[PDB]
Amino acid sequence: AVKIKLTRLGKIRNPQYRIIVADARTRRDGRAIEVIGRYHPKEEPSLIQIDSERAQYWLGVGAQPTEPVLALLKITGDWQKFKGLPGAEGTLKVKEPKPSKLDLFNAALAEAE
Amino acid sequence: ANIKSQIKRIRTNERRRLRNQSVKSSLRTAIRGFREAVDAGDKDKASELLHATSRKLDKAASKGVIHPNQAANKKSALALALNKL
Amino acid sequence: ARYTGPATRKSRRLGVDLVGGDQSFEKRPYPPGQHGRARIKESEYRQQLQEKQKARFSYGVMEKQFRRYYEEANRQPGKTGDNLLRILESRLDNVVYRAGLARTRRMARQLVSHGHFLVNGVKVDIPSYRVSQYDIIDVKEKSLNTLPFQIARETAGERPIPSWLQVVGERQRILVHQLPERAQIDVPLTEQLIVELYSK
Amino acid sequence: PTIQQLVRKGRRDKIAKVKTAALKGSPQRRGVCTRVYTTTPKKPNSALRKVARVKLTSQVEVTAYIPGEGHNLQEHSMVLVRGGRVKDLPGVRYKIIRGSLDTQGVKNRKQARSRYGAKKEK
Amino acid sequence: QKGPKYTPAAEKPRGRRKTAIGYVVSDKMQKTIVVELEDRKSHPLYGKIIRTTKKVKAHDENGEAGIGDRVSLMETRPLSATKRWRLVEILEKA
RNA sequence: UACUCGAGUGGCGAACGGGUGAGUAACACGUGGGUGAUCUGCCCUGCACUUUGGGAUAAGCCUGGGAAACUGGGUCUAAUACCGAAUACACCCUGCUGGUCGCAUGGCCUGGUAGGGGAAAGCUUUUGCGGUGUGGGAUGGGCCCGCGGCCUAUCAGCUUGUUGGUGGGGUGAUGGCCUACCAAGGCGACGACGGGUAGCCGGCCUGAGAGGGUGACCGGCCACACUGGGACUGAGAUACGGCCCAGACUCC
């Protein structure tokens with residue numbers, strides 16, 4: 001069975017997953033047909049990067065996702081874009097970019113008075 | 001064995017083996033009858049046995065005892081033998 | 001680990017006085033040991049090794065780490081020597097020393113390792129922390145009123161400050177414009193004999 | 001040579017001689033001292049150099065030097081054999097190392113104790 | 001609103017098989033010729049170009065090509081063992 | 001009774017995952033291709049259906065044999081278990097026939113036409129689950145081939161299903177894969193056949209690089225599962241924790 005999966009990567013207490021598509025008969029850390037996203041749940045917003053077009057291809061040709069990646073697709077709206085229930089939600093929230101070190105540098109220079 | 005599922009699958013596999021055995025044996029019997037009718041030279045008897053044996057080969061392929069491609073090759077051989085007769 | 005032994009004797013073996021304040025070497029010139037003032041066979045290997053050890057013991061870096069610094073410099077572009085000096089100067093013990101908060105790299109190492117500093121908000125107990133462009137090195141709230149930093153702010157006119165660095169506050173916040181070039185380094189040493197050593 | 005000479009016959013590196021074959025790829029071996037004795041070195045040197053014929057676990061009987069001042073070794077002693085060339089002794093390539101469960105450390109070593117199995121005294 | 005009774009497969013382009021120009025060196029088997037192939041490639045180390053002479057066995061089905069004939073072959077499936085080529089045409093018959 | 005569930009029937013999984021590197025110098029591996037010579041459960045998506053009838057049996061009950069493992073019998077019960085039949089006209093086979101592609105066998109037009117055939121399983125009230133045939137897709141494979149990567153000629157002749165062909169068989173599929181017959185060829189100094197060693201690769205170590213060495217972790221492929229052989233079941237089997245036999249070893 002072709003399936004969307006999470007391949008674990010990363011060090012011991014840093015489970016950075018890579019969202020792949022692979023047969024169910026493979027192994028977790030094994031050969032992947034295609035990589036379509038990544039999933040880093042150590043961020044508080046717990047990064048959910050994905051590739052929507054290829055996700056839609058593999059779902060259309062019948063790749064049964066796992067439960068976690070199903071939830072991720074529900075977040076990104078690709079599950080909903082596939083079935084069509086609320087069109088495409090777009091529930092995704094990203095980590096806000098912290099201020100630039102140059103901006104901090106100039107701010108502290110200004111404070112240096 | 002030492003696992004429940006295999007202990008059961010032994011019985012199941014023996015059952016399916018007996019089934020497929022009976023079926024394939026019937027098929028080989030039909031084919032030897034057909035080939036006897038042909039090498040003797042009878043024609044209408046051979047055609048009737050051909051229809052019957054093709055039916056049984058389709059049937060076994062549907063049951064899964066054999067592959068449909070195998071059934072096809074067998075019955076094709078029968079038909080061509082009958083034709084060239 | 002680190003070298004917690006006498007400091008003057010390394011400078012004596014290596015000629016250059018890294019810190020200063022002794023009279024034995026400064027009246028009689030000699031490396032340490034009973035066999036000071038001995039006859040020397042003037043080998044290029046000793047020259048090179050002596051510059052490498054000059055760097056090692058001027059900073060607080062051991063060989064298994066200095067080797068990594070050399071390798072980083074050799075891989076990354078430009079001149080391996082000034083890249084290596086840039087690395088050795090772009091570490092926390094050295095930047096606070098050059099900023100004058102400690103007046104000794106040993107003292108700066110003790111301060112950073114004991115956590116009397118931090119960088120961009122997060123505490124740092126790593127003297128080998130490679131600082132970068134646009135780095136605010138704050139001092140924590142106990143440390144600013146502690147005695148060593150009182151001494152820093154009191155005697156912050158003895159040794160100069162590099163250009164790539166500047167202190168900005170009476171609380172002794174430190175800022176990094178960029179990383180130093182060989183003119184900015186200001187260290188009593190070449191940098192070619194060391195790369196020759198590690199190319200041997 | 002010519003290029004065609006090379007593509008035909010090719011270059012063959014001189015075969016490096018397998019060394020310490022009695023170890024059989026191991027760094028060390030265990031062996032019973034079959035005969036502890038003493039040998040006389042080559043002509044320029046003269047001394048009574050301590051050795052042992054040891055039957056290793058590799059099914060090989062070899063001569064092995066016994067470094068250090070003293071040694072408590074008799075026959076039937078379990079000994080740990082390393083490599084190491086002893087020049088003055090011609091027909092020997094192996095040494096014995098202390099801390100072998102029989103070969104205790106050398107007495108009163110105080111400089112290079114690690115090479116002679118001597119514990120620190122404090 | 002029904003879908004098609006029959007859905008066609010895609011127009012997969014037919015693969016390109018291998019084509020070998022060669023010289024016959026045997027015709028003594030039935031419907032089978034042996035052919036020499038000259039593949040010249042550089043040495044992996046010394047760089048010289050090595051004229052290598054390889055033999056293959058092909059199928060003619062009519063027995064027209066004999067010894068010394070320049071021919072063209074197309075790879076095929078196994079027609080026998082050792083035999084994965086078909087004749088196409090003869091070029092410099094001799 | 002029917003929440004729940006031992007045991008049992010049945011389905012699915014058990015072939016993945018996990019281990020080792022003994023064997024293997026080979027299409028095993030790597031890489032690139034071919035398959036007009038092929039399979040593909042589950043999954044997805046289209047089309048058409050899911051009709052009808054029957055016979056048992058496990059389990060249970062009553063027994064018997066055996067030390068045990070286990071097993072024989074009688075009686076009884078159901079099914080998505082099993083078995084017949086109808087329909088299928090998409091599919092399979094054969095005959096005739098058209099067009100087209102052609103890379104030759106041949107392939108495509110679900111070509112047309114004629115004949116003969118091929119199936120199904122129901123359950124539950126709930127975010128409901130299913131079953132059969134067929135088209136397509138996806139995935140996972142199989143088979144074939146080019147090239148590449150050890151030592152050895154103090155191993156030079158090897159081969160008789162071995163090289164090819166025809167007709168049959170067999171396969172999922174091409175093919176001496178197998179067989180009858182026929183022809184006598186095929187491989188070899190560009191190193192056949194032998195001997196030795198060895199799992200292969202990405203990679204790793206070194207090195208200025210070329211190269212040399214290596215094949216640990218990690219990842220991919222292969223092979224193997226006490227030794228040897230064999231098939232069965234199944235979509236799929238080297239079937240580790242499955243079967244049969246033989247053998248060694250251990251135990252009752």
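Just so it is clear, the values below take in all heavy atoms, side chains as well, and ignore hydrogens, waters and symmetry mates. A note on names: the letters A, B, ... follow the listed sequences, proteins ahead of strands, and every chain is numbered from 1.
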Peer 1: If we take the P atom in both F/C27 and F/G164, what is their distance in whole Å?
Peer 2: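 Going atom to atom, P in each nucleotide, I get 15 Å.
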Peer 1: Pick base, sugar-phosphate or nothing for B/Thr12, based on heavy-atom distances below 4.0 Å to the nucleic acid.
Peer 2: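 Contact class for B/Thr12: sugar-phosphate only.
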Peer 1: Should F/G215 be called syn or anti, with syn set as within 90° of 0?
Peer 2: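 Chi for F/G215 falls in the anti range.
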Peer 1: Watson-Crick or G-U wobble partner for F/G167, using a 3.5 Å limit on both distances?
Peer 2: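 Because both required distances fall under 3.5 Å, F/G167 counts as paired with F/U179.
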Peer 1: Does F/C76 fall in syn (glycosidic angle within 90° of 0) or anti?
Peer 2: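 Base orientation: anti.
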Peer 1: For F/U45, does the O4'-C1'-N9-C4 or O4'-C1'-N1-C2 angle fall within 90° of 0, making it syn, or is it anti?
Peer 2: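 Classified anti.
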Peer 1: By the 4.0 Å heavy-atom rule, please label A/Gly62 as base, sugar-phosphate, or nothing.
Peer 2: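 Base contact.
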Peer 1: Relative to the 5' end of RNA chain F, which residue comes earlier, B/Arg11 or A/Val61, by the nucleotide with the nearest heavy atom?
Peer 2: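 Nearest nucleotide further toward 5': that of B/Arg11.
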Peer 1: Can you tell me the Watson-Crick or wobble partner of F/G135, both distances under 3.5 angstrom?
Peer 2: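 F/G135 is paired, partner F/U45.
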Peer 1: Using a heavy-atom cut-off of 4.0 Å across all strands, would you classify B/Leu78 as base, sugar-phosphate, or nothing?
Peer 2: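 No contact.
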Peer 1: CG of E/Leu45 versus P of F/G212: gap in Å, rounded?
Peer 2: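 Rounding to the nearest Å, CG of E/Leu45 and P of F/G212 are 7 Å apart.
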Peer 1: In this structure, how many angstroms lie between the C1' atom of F/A210 and the OH atom of E/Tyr46, rounded?
Peer 2: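 Spelled out: OH on E/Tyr46 to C1' on F/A210 is 12 Å.
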Peer 1: Mind telling me the pucker class of F/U160, north or south, from the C1'-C2'-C3'-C4' torsion?
Peer 2: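 That sugar belongs to the south family, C2'-endo side.
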Peer 1: Think E/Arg14 has a side-chain N or O under 4.0 angstrom from the OP1 or OP2 of F/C103?
Peer 2: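 Result: no.
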Peer 1: Answer with yes or no whether B/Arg9 presents, from its side chain, a donor or acceptor under 3.5 Å of a partner atom in the base of F/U233.
Peer 2: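 Between F/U233 and B/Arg9, which were checked side chain against base, a qualifying N/O pair under 3.5 Å is absent.
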Peer 1: Which part of the nucleic acid does B/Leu50 contact within heavy-atom distance under 4.0 Å: base, sugar-phosphate only, or nothing?
Peer 2: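 Result for B/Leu50 = nothing.
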Peer 1: With a 4.5 Å limit on heavy-atom distance, are the side chains of E/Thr53 and E/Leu37 in contact?
Peer 2: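 No - every pair of side-chain heavy atoms lies 4.5 Å or more apart.
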Peer 1: Using the P atoms only, state how far F/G161 lies from F/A183, rounded to an integer number of Å.
Peer 2: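 It comes out at 16 Å once rounded to the nearest Å.
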Peer 1: Under 3.5 Å, is there any donor-acceptor pair linking the side chain of E/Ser26 to the base of F/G185?
Peer 2: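 Under the 3.5 Å cut-off, the side chain and the base do not form any donor-acceptor pair.
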Peer 1: Classify the nucleic acid contact of D/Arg11 as base, sugar-phosphate or nothing, counting any heavy atom under 4.0 Å across all strands shown.
Peer 2: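 Counting heavy atoms under 4.0 Å across all strands, no contact is made by D/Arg11.
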Peer 1: In whole angstrom, give the distance that lies between atom NZ of E/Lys54 and atom P of F/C145.
Peer 2: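 Rounded to the whole Å, the gap is 12 Å.
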Peer 1: F/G175, F/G186, F/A90: which one has an atom nearest the side-chain heavy atoms of E/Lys28?
Peer 2: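 Of the candidates, F/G186 comes closest.
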Peer 1: Glycosidic conformation of F/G176, syn or anti, with 90° from 0 as the boundary?
Peer 2: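 F/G176: syn.
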Peer 1: Between the base of F/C190 and the side chain of E/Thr52, is there a donor-acceptor distance below 3.5 Å?
Peer 2: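 Not at all, since no donor on one side and acceptor on the other fall under 3.5 Å apart.
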Peer 1: Heavy atoms under 4.0 Å, any strand shown: does B/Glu14 hit a base, just sugar-phosphate, or nothing?
Peer 2: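 No contact at all - B/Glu14 keeps every heavy atom at 4.0 Å or more from the nucleic acid.
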Peer 1: Taking NZ, NE, NH1 and NH2 as the nitrogens, is one of them in A/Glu34 or A/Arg54 under 4.0 Å from a carboxylate oxygen of the other?
Peer 2: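 Salt bridge present between A/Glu34 and A/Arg54.
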Peer 1: Who passes side chain to side chain contact (heavy atoms under 4.5 Å, CB included) against E/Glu89, sequence neighbours left out?
Peer 2: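 For E/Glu89, the residues satisfying side chain to side chain contact (heavy atoms under 4.5 Å, CB included) (neighbours in sequence not counted) are E/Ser72, E/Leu91.
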Peer 1: Which one, F/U94, F/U9, F/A239, comes nearest to the side chain of B/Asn13?
Peer 2: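 The closest nucleotide is F/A239.
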Peer 1: Has the side chain of A/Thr26 got a donor or acceptor atom that lies under 3.5 Å from a matching backbone atom of A/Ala22?
Peer 2: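 Pair absent, no side-chain N/O of A/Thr26 close to backbone of A/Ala22.
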Peer 1: Tell me the closest heavy-atom pair linking A/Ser46 and A/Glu43, and the distance in Å.
Peer 2: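 In terms of heavy atoms, the two residues are closest at OG-O, 2.8 Å.
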Peer 1: Is E/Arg77 touching bases, backbone alone, or none of the nucleic acid, heavy atoms closer than 4.0 Å?
Peer 2: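 Since a base atom lies under 4.0 Å of E/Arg77, the category is base.
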Peer 1: Once you apply a heavy-atom cut-off of 4.0 Å, does E/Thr53 come out as touching a base, just sugar-phosphate, or nothing?
Peer 2: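 Counting heavy atoms under 4.0 Å across all strands, the contact made by E/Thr53 includes a base.
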Peer 1: Roughly, in whole Å, what's the span from NZ in B/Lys74 to P in F/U94?
Peer 2: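 Going from NZ in B/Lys74 over to P in F/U94 covers 15 Å.
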Peer 1: Taking side chain to side chain contact (heavy atoms under 4.5 Å, CB included) as the test, write out the residues that go with B/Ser54, two or more places apart.
Peer 2: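 Partners of B/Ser54 under the side chain to side chain contact (heavy atoms under 4.5 Å, CB included) test: B/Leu50, B/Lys75.
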Peer 1: At under 4.0 Å, does any side-chain N or O of E/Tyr6 touch on OP1 or OP2 of F/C91?
Peer 2: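 So the side chain of E/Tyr6 is outside the cut-off, no N or O lying under 4.0 Å from OP1 or OP2 of F/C91.
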Peer 1: To the nearest 0.5 angstrom, please state how far the CD atom of C/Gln192 sits from the CG atom of C/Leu197.
Peer 2: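 Here the interatomic distance stands at 12.5 Å.
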Peer 1: Round to the nearest Å and state the distance from E/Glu11 atom CD to F/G36 atom P.
Peer 2: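 Distance check: E/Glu11 CD to F/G36 P gives 14 Å.
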Peer 1: Roughly how far apart, to the nearest Å, are F/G167 and F/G116 at atom P?
Peer 2: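 Per the computed distance, 31 Å lies between those P atoms.
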Peer 1: Test side chain to side chain contact (heavy atoms under 4.5 Å, CB included) on E/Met74 and E/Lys18; report intermediate values, then the result.
Peer 2: CA-CA 6 Å; E/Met74 201 147 182; E/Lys18 309 298 183 300; over 6 Å; no
Peer 1: For B/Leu82, which contact category applies under a 4.0 Å heavy-atom criterion: base, sugar-phosphate, or nothing?
Peer 2: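 Nothing, no heavy atom under 4.0 Å.
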Peer 1: Remember a base hit wins even if backbone is also touched, and classify E/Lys57 as base, sugar-phosphate or nothing at under 4.0 Å, heavy atoms.
Peer 2: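 Sugar-phosphate, backbone atoms only, no base.
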Peer 1: Taking atom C1' in both F/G203 and F/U227, compute the distance separating them and give it to the nearest angstrom.
Peer 2: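 So the two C1' atoms sit 36 Å from each other.
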Peer 1: Regarding E/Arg17, tell me which of base, sugar-phosphate or nothing describes its non-hydrogen contacts under 4.0 Å with the strands shown.
Peer 2: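 Base: the residue E/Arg17, judged by heavy atoms under 4.0 Å, touches a nucleobase.
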Peer 1: Return the pairing partner of F/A26 with a 3.5 Å limit on both distances, Watson-Crick or G-U wobble; otherwise return none.
Peer 2: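 Result: none.
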Peer 1: Can you work out whether E/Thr7 or A/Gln64 has the more 5'-proximal nearest nucleotide on RNA chain F?
Peer 2: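 Whichever sits nearer the 5' end wins; that is A/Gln64.
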Peer 1: Expressed in angstrom and rounded to an integer, what is the separation of A/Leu70 atom CG from F/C44 atom P?
Peer 2: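 Distance, rounded to whole Å: 14 Å.
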Peer 1: Hey, does the side chain of B/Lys4 come within less than 4.0 Å of F/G8's phosphate (OP1/OP2), counting only N and O?
Peer 2: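 So the side-chain polar atoms of B/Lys4 do come within 4.0 Å of the phosphate oxygens OP1 or OP2 of F/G8, strictly under.
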Peer 1: In whole angstrom, give me the gap between the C1' atoms of F/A81 and F/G55.
Peer 2: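 Between the two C1' atoms, the distance is 13 Å.
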Peer 1: Report which part of the nucleic acid A/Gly60 touches: base, sugar-phosphate, or nothing (heavy-atom distance under 4.0 Å, all strands).
Peer 2: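 Since only primed, P, OP1 and OP2 atoms lie under 4.0 Å of A/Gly60, the category is sugar-phosphate.
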Peer 1: Could you work out the separation of F/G172 and F/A237 based on their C1' atoms and round it to a whole Å?
Peer 2: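 The answer is 16 Å between these two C1' atoms.
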Peer 1: Looking at residues 80-94 of chain E, who's got a heavy atom less than 4.0 Å off RNA chain F?
Peer 2: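 Within residues 80-94 of chain E, the residues near RNA chain F are E/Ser80, E/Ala81, E/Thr82, E/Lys83, E/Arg84, E/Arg86.
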Peer 1: Before you tell me yes or no, could you show the steps for A/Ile20 and A/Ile36 under side chain to side chain contact (heavy atoms under 4.5 Å, CB included), namely the whole-Å CA-CA distance, both residues' side-chain angles and the distance that decides it to 0.1 Å?
Peer 2: CA-CA 6 Å; A/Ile20 54 146; A/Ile36 62 186; over 6 Å; no
Peer 1: Classify the nucleic acid contact of D/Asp13 as base, sugar-phosphate or nothing, counting any heavy atom under 4.0 Å across all strands shown.
Peer 2: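 Answer is nothing: D/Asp13 stays at 4.0 Å or more from every strand.
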Peer 1: Which nucleotide in the set F/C83, F/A85, F/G175 lies at the smallest distance from any side-chain heavy atom of B/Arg19?
Peer 2: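 Minimum distance to the B/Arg19 side chain belongs to F/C83.
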Peer 1: Measure from the side-chain heavy atoms of B/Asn2 and tell me the nearest of F/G242, F/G140, F/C83.
Peer 2: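 That would be F/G242.
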Peer 1: In whole Å, what separates the P atom of F/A86 from that of F/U124?
Peer 2: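 Taking atom P in both F/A86 and F/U124, they lie 31 Å apart.
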Peer 1: Who is the Watson-Crick or G-U wobble partner of F/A15, with both distances under 3.5 Å?
Peer 2: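 Pairing partner, where one exists within any strand: none, as none qualifies.
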Peer 1: Can you check whether E/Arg16 has a side-chain N or O nearer than 4.0 Å to OP1 or OP2 of F/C103?
Peer 2: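 Answer no for this pair, as no side-chain N or O of E/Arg16 is under 4.0 Å from OP1 or OP2.
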Peer 1: If we take the P atom in both F/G130 and F/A85, what is their distance in whole Å?
Peer 2: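 Comparing P positions in F/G130 and F/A85 gives a spacing of 30 Å.
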Peer 1: By the 4.0 Å heavy-atom rule, please label B/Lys84 as base, sugar-phosphate, or nothing.
Peer 2: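 Sugar-phosphate, backbone atoms only, no base.
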Peer 1: Answer yes or no: is there a side-chain heavy-atom contact under 4.5 Å between A/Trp79 and A/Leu72?
Peer 2: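 In short, these two side chains do not touch, never coming nearer than 4.5 Å.
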